[PDB]
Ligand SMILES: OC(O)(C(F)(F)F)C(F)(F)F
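Only one chain comes next, encoded as structure tokens, the form solved without 1,1,1,3,3,3-hexafluoropropanediol (FAC).
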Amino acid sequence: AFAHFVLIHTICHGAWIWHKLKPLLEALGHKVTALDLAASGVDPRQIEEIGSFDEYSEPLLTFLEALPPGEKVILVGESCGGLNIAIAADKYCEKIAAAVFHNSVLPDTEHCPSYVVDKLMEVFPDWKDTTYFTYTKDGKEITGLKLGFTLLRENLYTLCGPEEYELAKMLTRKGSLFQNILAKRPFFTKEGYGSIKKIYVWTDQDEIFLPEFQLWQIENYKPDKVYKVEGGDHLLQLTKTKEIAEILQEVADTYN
């Protein structure tokens, strides 16, 4: 079967991270939309204009709003993209056939929205040469960050080629986890986000979303299906592109 996949990048990244996976999925006959979230990729906004993860998710929400009645999509989120999925699901669950988490955070409904992010920071506290700054928006102090090039090279693009890593150094932009804002955000709902089918994809070779963290997430909020990719690194859409496409094809054949 064919599906319409909506690929969602993580903070500081952009649609460009999906430049290898998108054409491969299309070669299988699928429709693919790779969005630039707010202040990401070539989006015109700067991070200082964004005050929450919900505002950051605007392009995704706007895209889902534009889907005609009856049309469903399969969301695919990498790393922090899982939060955009949860936010989108509490507004457009009826338009989501399933959500695929790709070495991604897996929010739940029993704990506050920042729960898995707080845990991630516990498991991976040292972001190396990553730099931080602060700005104010809607009366709240937000902590922005710019991923360090060494962190990118050693923990995210670990086994990626120098040509891929170069794109990261050239294209990554300032962003934010909006951690303190997530902490005060209403919980994700059971009727919305809680109702969607969730497929968890990961590799134990991820050097940032470590095994301890991912296995902790799986136990914390049981996915409907779990796919473990052998080898590769954090960026499976670059190092195991074919494998990811094969998994997504199976998801397309399972959920609609």
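The first residue of the shown sequence is 1; numbering continues from there.
Just so you know, the form solved in complex with 1,1,1,3,3,3-hexafluoropropanediol (FAC) exists too; it's not on screen, but the next bit is about it.
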* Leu177 within 4.5 Å of 1,1,1,3,3,3-hexafluoropropanediol (FAC) in the bound PDB entry, heavy atoms -> yes
* Asked: Should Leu106 be classed as touching 1,1,1,3,3,3-hexafluoropropanediol (FAC) in the bound PDB entry when contacts are defined as heavy atoms within 4.5 Å?
  -> no
* Verify the contact flag for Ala88: yes if a non-hydrogen atom of it lies within 4.5 Å of a non-hydrogen atom of 1,1,1,3,3,3-hexafluoropropanediol (FAC) in the bound PDB entry, no if not. => no
* Is the gap between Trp202 and 1,1,1,3,3,3-hexafluoropropanediol (FAC) in the bound PDB entry 4.5 Å or less for some heavy atom pair? -> no
* To do: Let me know the one among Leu75, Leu156, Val116, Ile181 whose heavy atoms come within 4.5 Å of 1,1,1,3,3,3-hexafluoropropanediol (FAC) in the bound PDB entry, would you?
  => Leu156
* Judged by heavy atoms and a 4.5 Å cut-off, are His13, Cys80 and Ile208 together in contact with 1,1,1,3,3,3-hexafluoropropanediol (FAC) in the bound PDB entry? -> yes
* Asked: Of the listed stretches (162 to 170, 140 to 148, 106 to 114, 88 to 96), which one has a non-hydrogen atom within 4.5 Å of 1,1,1,3,3,3-hexafluoropropanediol (FAC) in the bound PDB entry?
  -> 140 to 148
